[PDB]
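Numbering (the UniProt record's numbering), first residue to last: 25 to 197, 203 to 515.
Note that CB positions come from ideal geometry on N, CA and C, so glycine has one too.
Here's the structure, in C-alpha cells; my notes come after.
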Amino acid sequence: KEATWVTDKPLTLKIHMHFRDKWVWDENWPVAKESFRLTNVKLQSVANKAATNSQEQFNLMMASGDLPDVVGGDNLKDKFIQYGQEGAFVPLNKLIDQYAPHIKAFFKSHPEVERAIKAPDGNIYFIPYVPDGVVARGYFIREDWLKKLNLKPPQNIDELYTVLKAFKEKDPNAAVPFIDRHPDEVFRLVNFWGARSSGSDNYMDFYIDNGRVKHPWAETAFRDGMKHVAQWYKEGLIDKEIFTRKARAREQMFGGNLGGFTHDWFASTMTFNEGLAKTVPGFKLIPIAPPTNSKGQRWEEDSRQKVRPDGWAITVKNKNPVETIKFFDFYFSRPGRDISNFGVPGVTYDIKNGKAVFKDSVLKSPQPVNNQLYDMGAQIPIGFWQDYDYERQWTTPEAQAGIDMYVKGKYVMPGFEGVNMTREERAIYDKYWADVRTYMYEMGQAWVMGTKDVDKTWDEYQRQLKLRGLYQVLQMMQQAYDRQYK
Ligand SMILES: O=C(O)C1=C[C@H](O)[C@H](O)[C@H](O[C@H]2[C@H](O)[C@H](O)[C@H](O[C@H]3[C@H](O)[C@H](O)[C@H](O)O[C@@H]3C(=O)O)O[C@@H]2C(=O)O)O1
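Right, here's the structure in full:
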C-alpha cells in the first residue's frame, strides 16, 4: 500500500479517453502503471484506437449510450457541461466538498477557475486540465537563413513579406517560408493586418471590444486580412500542406532544412537548436518580437490560459463515485502532480531538494521533453494541475531570453476569459456554436487555398453566419457579459 491509495481494494475503472485525433489512454504507459501503483485505481481504456477524430468518438460513445466510468480528453468542456446537465455525468460539487481536499483547496484559492468551469446549474461536471505559465507561443525565424541571405530580422509586416519572399525566391536551403504544426496558425496570420483571429489560446474564440462581445471571424478586418493570407498562400509563402501536415511539421520541415518561420511554443520550438545540431549544420532559430502589423502594433494574440477546456468527468454509470473523485484528487496533490507532470520516479525524474528533477538523459535528449512525456502518459489532457517547473527545467537560456523579451515588450494581448451564461443563454450557444465554427473553418480553408474568392463570397458568408445562429449566440453572450461587467 502507498500513502496515496484511494482504496484498499483495487478498483478497475473504464475510461473513454480519445484525444488530439490520434491517441487513447494506454494502460502500457509507465505513467498509467505508476498511477495504479500510487492510487490502487487501474484504468481500462475502452476508446477506439483506430479512430482519427476525437470529437466524433466522444459523440458516438454518447450516442451509443454504452458509457464507461470516466470520460476525459481535450476540448471536452462544452460537452461536459451540456451532457452533465442532461444527466450523462454526475455533478462533482458535493463529492469534492466531502472527499477531494486538494481539488477543494485549489478551487478555493482559484475561484475564477471554478467559475469558468461551472455549468449554468452551478454544477461542476468535470475536473480541468489547469495550465501553469504566462506566455504561450511566439514567432521564430531561421537566423542561419537570415545570415546566408544577409537580411535583418524583420521588424514589420512589409519587412516580413520581403524576408519570406526571399526565403522563397533565393533558395536559403524547395524552401517553404512559413510552416506550422497547428493549421489554425495560418489564420492567426491575419494579426499582421490588424485583425484578430481569436480572443484566446483557444482558436476561433470570441473576444471583447469596448464591452461588445464579438467574433473575430465575423469582422471585416478579418475579411481584408484573409485576402493577404490567400495571396501569401498563392505565392507559396505558406506551406502548401499547411492544413494536413500537422503534428510532426517541425521534425519534417526543420529537420529536412525546409522551413524558415513559425509561430509556436517557446520551450519546444527552441529545443530544435540543440536537437537538430548534428543533422542540419548551423540550424538556428531565434525568437523575434512580433513584426509590427499594418496598424502599427506588435501583437502576440496567444497567452497561456488559467484553465483549458480539457479534463475528465464521472459518468452516470460509475458505481464508485467516491473512489473516483479521490482518484481525481490525487492529480491535484504533490505526488499526483509529480507523475502527471514529470513521468515516473527513477525513470524520468528523481526527488531532489524536495522537488521533482528530470534526469540528465531526459534533459539532453533531442526530443522536446513534453513529447517525451506524452509518449509515456504525462502532460496529457486529464484533470491535473500543471507545474511550470517541469517546463522551466528544459527551457533553454535562449528560450528564456525570448520569453523575457515577450514579457518586457508587453506584446501578449489580454485573453478572453469566458462569460457566465444562464441555462437559456448557454442553450443557444450549445445549439449553434459548434456548427457555426466548423463552417467558419471550412470557409477559411477555402479562402486560404483560393477555392473561393474572399470578396465575391463575403456577403453569402455573412448571410450564412446569420442563419447558422451566430448573431443569436453573440446576443446571448452579450446578455451574460452585461450582467457581469456593464
Ligand atoms: O510546446 C511547448 O513548449 C509546450 C509547453 C507547455 O508545457 C505545454 O506542453 C504546451 O502544450 C501544448 C502543446 O504545445 C500543444 O499545443 C497541444 O496542443 C493541442 C491544443 O491544446 C489544442 O487542443 C489543439 O486543437 O490541438 C493541439 C495539439 O495536440 O497539437 O496542447 C498543449 C497544451 O496546451 O497543453 O506546449
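Does at least one heavy atom of ligand 1 sit under 7 Å from the Cβ of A56?
By one-based count along the sequence shown, residue 56 stands at place 32. Flag unset: Cβ of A56 not near ligand 1.
Among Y262, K172 and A296, the one whose alpha carbon lies nearest that of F312
One-based indexing of the sequence shown puts residue 312 at position 283. The residue with the shortest Cα to Cα distance from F312 is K172.
For the putative contact between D416 and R366, defined by C-beta atoms under 8 Å, what is the C-beta separation to the nearest angstrom?
Position 387 of the sequence shown holds residue 416. Position 337 of the sequence shown holds residue 366. Yes, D416 and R366 are in contact; Cβ-Cβ is about 5 Å, under 8 Å.
Expressed to the nearest angstrom, what Euclidean distance is found between the alpha-carbon atoms of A428 and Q422?
Walking along the sequence shown from the start, residue 428 turns up at place 399. Walking along the sequence shown from the start, residue 422 turns up at place 393. Looking at the two C-alpha atoms, the distance is approximately 11 Å.
Can you say whether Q513 is buried or exposed, counting buried as having 16 or more other CB atoms within 10 angstroms of its CB?
Taking the first residue of the sequence shown as position 1, residue 513 is located at position 484. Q513 comes out exposed.
What does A276 pair with, by DSSP beta-bridge criteria?
Your numbering for residue 276 matches position 247 in the sequence shown. In the DSSP output, where bridge partners are listed per residue, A276 has none listed.
Assigned secondary structure, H244 (DSSP; H/G/I helix, E/B strand, else coil):
Residue 244 sits at position 215 when you count from the first residue of the sequence shown. Here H244 sits in coil by DSSP.
Please state if the CB of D293 and the CB of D209 are separated by a distance shorter than 8 Å.
Translated into positions along the sequence shown, residue 209 becomes position 180. Translated into positions along the sequence shown, residue 293 becomes position 264. For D209 and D293, yes; Cβs fall inside 8 Å.
DSSP state of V483 mapped onto helix, strand, coil:
Taking the first residue of the sequence shown as position 1, residue 483 is located at position 454. Of the three classes helix, strand and coil, the one that applies to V483 here is helix, per DSSP.
Under a three-way DSSP split, which group does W341 fall into?
Start at 1 with the first residue of the sequence shown, and residue 341 comes out as number 312. Three-state result, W341: strand.
DSSP has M41 in a bridge; who is on the other side?
Taking the sequence shown and counting its residues from 1, one reaches residue 41 at position 17. Looking at the DSSP assignment, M41 forms a beta bridge with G96.
If you drop the 5 nearest sequence neighbours on each side, which residues of the same chain put their C-beta closer than 6 Å to that of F150?
The residue given as residue 150 occupies position 126 in the sequence shown. So the list reads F104, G340 and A342, once near-sequence residues are dropped.
Count the other C-beta atoms from every protein chain shown that fall within 10 angstroms of the C-beta of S369, then say buried if there are 16 or more, exposed otherwise.
The count along the sequence shown starts at 1 and reaches residue 369 at position 340. Buried is the call here.
Looking at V65: is its Cβ nearer than 8 Å to the Cβ of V30?
Within the sequence shown, the letter at position 41 stands for residue 65. Within the sequence shown, the letter at position 6 stands for residue 30. Taking 8 Å as the Cβ cut-off, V65 and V30 qualify as a contacting pair.
Bridge partner(s) assigned by DSSP for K66
If you number the sequence shown from 1, residue 66 lands on position 42. Answer by DSSP bridge pairing, in chain order: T36.
Would you mind stating whether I165 and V94 have Cβ atoms separated by less than 8 Å?
Position 141 of the sequence shown holds residue 165. Position 70 of the sequence shown holds residue 94. Not a contact, by the Cβ cut-off of 8 Å.
Give me the pocket residues for ligand 1, defined as CB within less than 5 Å of any heavy atom, sorted by chain position.
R44, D98, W294, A296, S297, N399 and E420
For a quick check, are the C-beta atoms of residue 198 and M41 less than 8 Å apart?
Regarding the residue in question, residue 198 is not represented: the chain runs 197 and then 203, omitting everything in between.
Closest residue to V158 among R61, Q326 and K335 (Cα-Cα distance)
Indexing the sequence shown from 1 puts residue 158 at position 134. Per the Cα distances, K335.
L392 burial status per 10 Å Cβ neighbour count (16 or more: buried):
The sequence position of residue 392 within the sequence shown is 363, counting from 1. Per the 10 Å Cβ criterion, exposed.
For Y461, which of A475, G498 and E471 has the nearest alpha-carbon?
For the purposes of this step, residue 461 is taken as the residue at position 432 of the sequence shown. Of the listed residues, the one whose Cα sits closest to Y461 is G498.
Is the segment 222–238 touching the segment 318–327 in the sense that three or more CB pairs, one from each, lie closer than 8 Å?
yes
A463 - containing alpha helix (DSSP H), residue span:
For this step, residue 463 is matched to residue 434 along the sequence shown. From DSSP, the alpha helix (DSSP H) with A463 extends over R452 to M478.
With a CB to CB cut of under 6 Å and the five nearest residues on each side skipped, what residues in its chain are close to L218?
Here residue 218 refers to the residue found at position 189 of the sequence shown. So the qualifying residues of the chain are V258.
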